[PDB]
Structure formats: structure tokens, C-alpha cells
Colleague: 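Sharing a structure here in C-alpha cells format.
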Amino acid sequence: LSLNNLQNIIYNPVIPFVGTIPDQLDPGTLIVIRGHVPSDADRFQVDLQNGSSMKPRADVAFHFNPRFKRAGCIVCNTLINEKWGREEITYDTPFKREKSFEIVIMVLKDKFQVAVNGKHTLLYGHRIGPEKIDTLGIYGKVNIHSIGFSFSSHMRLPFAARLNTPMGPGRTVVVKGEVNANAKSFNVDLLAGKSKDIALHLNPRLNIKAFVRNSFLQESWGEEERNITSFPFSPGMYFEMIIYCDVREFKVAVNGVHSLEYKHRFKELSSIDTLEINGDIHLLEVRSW
Ligand SMILES: OC[C@H]1O[C@@H](O[C@H]2[C@H](O)[C@@H](O)[C@H](O)O[C@@H]2CO)[C@H](O)[C@@H](O)[C@H]1O
Ligand SMILES: OC[C@H]1O[C@@H](O[C@H]2[C@H](O)[C@@H](O)[C@H](O)O[C@@H]2CO)[C@H](O)[C@@H](O)[C@H]1O
């Protein structure tokens, strides 16, 4: 989505910019580009290239070229052995002079998918294998504020985020990831933003094989409850954890099977507006419904 999903982000590169992509463009990979088009813009381009050689000019797997004229458009093409391929023009350009934009390039198995300002713009079939793309170039009249990446790898820690919709009965938070091969423990916290206290602290401890959960209220930890019919976590084990909010307590499940219930100690459910995750895991995805 916004920032907890990026593993790498660069601000204000000078144009022309030619930089190495920090990881492979694997399917599901997201490249987010934010900037604005100057008032005198005639054209600019985002090129995903194999290398950065200028002689011979490095192959351009995917040339994204917004052009500004009476019938604004985006010209896409591929360059092989210094020669251009079949030109693909998308008209009704989303881009406009003196306006800012957000470009989201999603890497797919067989093509690139591109959305601008949250609206689908075009698809581009792979002409060069994306494994071969290792550098991103930006040229022309365009100002880039930031570029960011979200590889299919894991997310970076710590993970801190506000939850779009307030916490309340029926509200769900699902977390997916993998416990590190040599994990000790990790935690998943639901906090009251301002208060800065913790409504629900889920802390699985692998070294002690126990699931500690507690509440942090009034600048202090409460009475811990570890009772459980079966430790759901194992070092190196993939998992999905669903935290369901009910009227009387939280219901927590792991890999499709219920683990435990935690009666509410922080009664103002609607005030629980922050999710925090940390510890010995590879966080793969966080979803609050
Ligand atoms: O095809 C991408 C490539 O287009 C070049 O311009 C084209 C132009 O669109 C067309 O009208 C003309 O007949 O041929 C030119 C060369 O193929 C751009 O110069 C180049 O930078 C890419 O944008
Ligand atoms: O209540 C959860 C809270 O536990 C803290 O650790 C405790 C530990 O559980 C207890 O056995 C020991 O005697 O004292 C420790 C004091 O911290 C964690 O440090 C904290 O992060 C929470 O997980």
C-alpha cells in the first residue's frame, strides 16, 4: 500500500537518473513512482533496463514514455540490440502538465501492469525476461519526488500502522509470515494511538514454547495469561494469524485453527487504532478488515 510495504525507497534523484534496482523484479513486485510534470514538459520516460551501458545503449525491457501534445498519450516499447519494437500507444493520458502523480508499476509473470493515480492505465506484455531487468532509468522533463519498491520478499521491521477503520466488534486483523529458523520470540500489538498503551499484546515465545499475551495499561504491564491447549508456533513455520474482535474478547486463530481468547481489559474498542509487529519473523502481509 503506502510505506510499511517498501524494502527500499529513494528520494529526489537527479534527472537523468540511472540506478540499480536493489532486488529482482519478481512477479508481484511493485514499483511506485511519485513526482510531478513541469509546466514546459514535452515528454519524459521510465525505462526498466538490462544494465546501464550507453554504448551500445543498454537494452530497455520496458520503455514507459508519457508524451504531452494535443492528444496526450503514453508510448510503450522495447529496445533490443539498439532497435525499437512494436510501438504501443495508450491515449487519454492520465498525466498532465503542472500536476503531480503516482505511478504504480506491478510486475506480473507475463506482463507489466501500470496504474496512475489509482486508475488502471495499460498492460505491457513481457518481451524480455524480467529476471534480466536490473536498472531503472528516468529521463526527460519530469520531477521525481520518490521511487519505492515492494518485492515479493518479506516486509521490513518494525511494522507500525494505524488501522484504516477503528477497532470494534466484527473487525478483523490477519497477519501472515514465517517464524525465523532460529526465532526466540515476536509480538503483535494493538495499541490505543494517543494513550500509547497496549490493548492486546500477542507475544509467542519459541524458546519457552509459550504464548504470552497481556495488556499494557497506565504505563504498566498487567497479569499475564499463557494458558493454552497447544503452542501454535514453531521456529521456521509459515503462519497466518487472525485476530478477530468480538464484544467480550479477542478471538485468535493460527493456520485455520482457534488458539485462544482474550477478554477485553481496554473497553474503549474504538480507541484501539494502531497495529505494531516486531520480533523474530519474516512479516509477509498485514490485513485489517
Ligand atoms: O517506439 C518507442 C520510441 O519511439 C521513438 O519515436 C518514434 C515515433 O513515435 C514515430 O512516430 C517515428 O516514426 O519513429 C520514431 C522512432 O521509432 C522515440 O524517439 C524513442 O525515444 C522511443 O520513444
Ligand atoms: O506481559 C507481557 C510482557 O512480558 C515481559 O516479560 C516479562 C516475563 O514475561 C516474565 O516472566 C518476567 O519475569 O518478567 C518480564 C518483564 O518484562 C516482556 O518484557 C514484555 O515485552 C511483555 O511481553
Side-chain angles (χ1 to χ4, degrees), residues 3-7 151-163 167-269 271-289:
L3 192 51
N4 270 305
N5 292 99
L6 298 72
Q7 297 88 175
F151 300 105
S152 301
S153 305
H154 51 105
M155 299 166 59
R156 259 42 176 183
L157 296 170
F159 174 97
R162 286 210 51 180
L163 314 84
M167 179 61 65
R171 277 292 276 78
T172 317
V173 181
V174 33
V175 173
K176 311 182 174 179
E178 195 181 85
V179 172
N180 297 338
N182 57 188
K184 170 165 189 165
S185 78
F186 75 108
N187 69 290
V188 176
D189 301 331
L190 291 172
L191 312 74
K194 32 203 166 188
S195 293
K196 200 183 188 64
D197 49 12
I198 314 174
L200 170 63
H201 171 66
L202 293 181
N203 182 204
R205 298 175 184 176
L206 300 298
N207 65 304
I208 297 308
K209 284 185 175 183
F211 203 156
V212 186
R213 50 271 185 206
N214 202 179
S215 296
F216 189 72
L217 309 174
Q218 193 182 308
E219 307 184 62
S220 54
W221 282 103
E223 206 76 5
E224 284 177 31
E225 43 181 301
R226 317 177 166 191
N227 284 171
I228 192 169
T229 166
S230 170
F231 201 56
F233 296 113
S234 182
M237 163 199 217
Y238 167 88
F239 68 83
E240 180 180 294
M241 184 156 73
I242 293 177
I243 300 172
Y244 179 68
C245 193
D246 220 325
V247 60
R248 310 275 46 200
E249 73 298 86
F250 280 109
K251 299 192 182 181
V252 185
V254 175
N255 291 358
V257 176
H258 171 75
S259 295
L260 66 294
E261 288 173 42
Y262 191 80
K263 153 157 294 190
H264 287 152
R265 306 182 183 176
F266 192 86
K267 323 310 299 294
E268 245 299 294
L269 300 183
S271 296
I272 301 171
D273 59 49
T274 296
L275 186 305
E276 252 160 53
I277 300 170
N278 229 314
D280 308 320
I281 66 173
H282 273 39
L283 183 62
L284 299 167
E285 172 173 291
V286 179
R287 309 311 286 295
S288 74
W289 304 96

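Basis for what follows: all heavy atoms, side chains included, without hydrogens, waters or symmetry-related copies. The first residue of the sequence shown is numbered 1, and numbering continues consecutively from there.
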Colleague: Should the pair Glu225-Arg265 be classified as a salt bridge under the 4.0 Å nitrogen-to-oxygen rule?
Modeller: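 Salt bridge present between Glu225 and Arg265.
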
Colleague: Output, in order, the C-alpha distance, side-chain angles, deciding distance and verdict of salt bridge (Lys or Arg N to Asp or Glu O under 4.0 Å) for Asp280 and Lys184.
Modeller: CA-CA 6 Å; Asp280 308 320; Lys184 170 165 189 165; over 6 Å; no

Colleague: Look at the side chain of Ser215 and the backbone N and O of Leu200, then say whether any donor-acceptor pair between them is shorter than 3.5 Å.
Modeller: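 A pair under 3.5 Å: no.
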
Colleague: Let me see the working for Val179 and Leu206 under side chain to side chain contact (heavy atoms under 4.5 Å, CB included), right down to the final yes or no.
Modeller: CA-CA 9 Å; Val179 172; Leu206 300 298; 3.9 Å; yes

Colleague: Assess the side chains of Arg205 and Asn203: does a donor N or O sit below 3.5 Å from an acceptor N or O?
Modeller: yes

Colleague: Using the rule given for salt bridge (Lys or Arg N to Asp or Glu O under 4.0 Å), can you reason through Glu224 versus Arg226, listing the C-alpha separation, both sets of side-chain angles and the distance that settles it, and then say yes or no?
Modeller: CA-CA 7 Å; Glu224 284 177 31; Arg226 317 177 166 191; 2.9 Å; yes

Colleague: About how many Å separate CZ of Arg287 and CG of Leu275, when rounded to the nearest 0.5 Å?
Modeller: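 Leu275 atom CG to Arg287 atom CZ measures 12.5 Å (nearest 0.5 Å).
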
Colleague: According to side-chain hydrogen bond (donor to acceptor under 3.5 Å, both in side chains), who are the partners of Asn278, at least two apart in sequence or on a separate chain?
Modeller: none

Colleague: Do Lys196 and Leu191 touch side chain to side chain, with heavy atoms closer than 4.5 Å?
Modeller: no

Colleague: Parallel, tilted or perpendicular for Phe233 and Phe239, by the 30°/60° rule?
Modeller: perpendicular

Colleague: So, using ring pair (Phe, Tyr, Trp, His ring centres under 6.0 Å) as the criterion, who are the partners of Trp289 when residues are at least two apart?
Modeller: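 Counting only residues at least two positions away or on another chain, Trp289 forms no ring pair (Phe, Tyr, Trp, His ring centres under 6.0 Å).
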
Colleague: Would a 4.5 Å heavy-atom cut-off, applied to side chains only, mark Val173 and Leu163 as touching?
Modeller: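 The answer is yes; the side chains approach within 4.5 Å.
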
Colleague: Quick one: does any side-chain atom of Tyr262 pair with a main-chain N or O of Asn214 as donor and acceptor, under 3.5 Å?
Modeller: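 Checking the backbone N and O of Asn214 against the side chain of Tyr262, a donor-acceptor pair under 3.5 Å is found.
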
Colleague: Passes side chain to side chain contact (heavy atoms under 4.5 Å, CB included), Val252 versus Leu202? Steps please.
Modeller: CA-CA 9 Å; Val252 185; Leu202 293 181; 4.2 Å; yes

Colleague: Under the criterion side chain to side chain contact (heavy atoms under 4.5 Å, CB included), I'd like the reasoning laid out for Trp221 against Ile198: C-alpha separation, chi angles, the key distance, then a yes or no.
Modeller: CA-CA 9 Å; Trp221 282 103; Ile198 314 174; 3.8 Å; yes

Colleague: Could you give the distance from CD (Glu285) to CZ (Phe159), rounded to the nearest 0.5 Å?
Modeller: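 Answer for the CD-CZ pair, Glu285 versus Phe159, is 10.0 Å.
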
Colleague: Any side-chain heavy atom of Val175 within less than 4.5 Å of one from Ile277?
Modeller: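 Counting from C-beta outward, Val175 and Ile277 do come under 4.5 Å.
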
Colleague: Quick one: are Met155 and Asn4 in side-chain contact, heavy atoms under 4.5 Å?
Modeller: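 The answer is yes, as the side chains (C-beta and beyond) meet within the 4.5 Å cut-off.
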
Colleague: Using a distance-only test with no angle check, is there a side-chain donor-acceptor pair under 3.5 angstrom linking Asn180 and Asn182?
Modeller: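 No pair is found: no donor N or O on one side chain lies under 3.5 Å from an acceptor on the other.
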
Colleague: Check for a donor-acceptor pair, side chain of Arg162 on one end and backbone N or O of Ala160 on the other, with a separation under 3.5 Å.
Modeller: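 Between the backbone of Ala160 and the side chain of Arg162 there is no qualifying donor-acceptor contact (under 3.5 Å).
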
Colleague: Of the non-hydrogen atoms in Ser153 and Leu284, which two are nearest, and what is the gap between them?
Modeller: O-CD2, 4.4 Å

Colleague: Would you say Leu190 and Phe250 make side-chain contact, with heavy atoms under 4.5 Å?
Modeller: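 A side-chain contact exists here, since the closest heavy-atom pair is under 4.5 Å.
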
Colleague: Taking the six-membered ring of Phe211, is the NZ or CZ of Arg213 close enough (under 6.0 Å from the centre) and on axis enough (within 45°)?
Modeller: yes

Colleague: Measuring from atom NE2 of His264 to atom CD of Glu249, what distance do you get when rounded to the nearest 0.5 angstrom?
Modeller: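 With rounding to 0.5 Å, NE2 (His264) is 7.0 Å from CD (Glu249).
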
Colleague: Sub-3.5 Å donor-acceptor pair from the side chain of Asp273 to the main-chain atoms of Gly193, do we have one?
Modeller: yes

Colleague: With rounding to the nearest 0.5 angstrom, report the OG to NZ distance, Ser234 to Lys209.
Modeller: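 These two atoms lie 7.0 Å from each other.
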
Colleague: To the nearest 0.5 Å, what is the distance between SG (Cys245) and CD1 (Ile272)?
Modeller: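 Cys245 atom SG to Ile272 atom CD1 measures 6.0 Å (nearest 0.5 Å).
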
Colleague: For the residue pair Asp189 / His201, report whether a side-chain donor-acceptor contact shorter than 3.5 Å exists.
Modeller: yes

Colleague: Report the distance from atom CE of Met167 to atom OG of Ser271, rounding to the nearest 0.5 Å.
Modeller: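 Going from the CE atom of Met167 to the OG atom of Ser271 covers 11.5 Å.
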
Colleague: Please check this pair: side chain of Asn255 against backbone of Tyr238, looking for a donor-acceptor N/O pair closer than 3.5 Å.
Modeller: yes

Colleague: Test of understanding: with ring pair (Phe, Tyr, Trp, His ring centres under 6.0 Å), list the residues that count as partners of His258, not counting sequence neighbours.
Modeller: none

Colleague: Please give me the minimum heavy-atom distance between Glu178 and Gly236, naming the atom from each residue.
Modeller: CG-O, 3.9 Å

Colleague: Using side-chain heavy atoms (C-beta onward) and a distance below 4.5 Å, is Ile243 in contact with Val188?
Modeller: yes

Colleague: State, yes or no, whether a side-chain contact exists between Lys251 and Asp246 at a heavy-atom distance under 4.5 Å.
Modeller: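 Answer yes - side chains close enough.
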
Colleague: Applying side chain to side chain contact (heavy atoms under 4.5 Å, CB included), run through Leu269 and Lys267 and close with a yes or a no.
Modeller: CA-CA 6 Å; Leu269 300 183; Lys267 323 310 299 294; over 6 Å; no

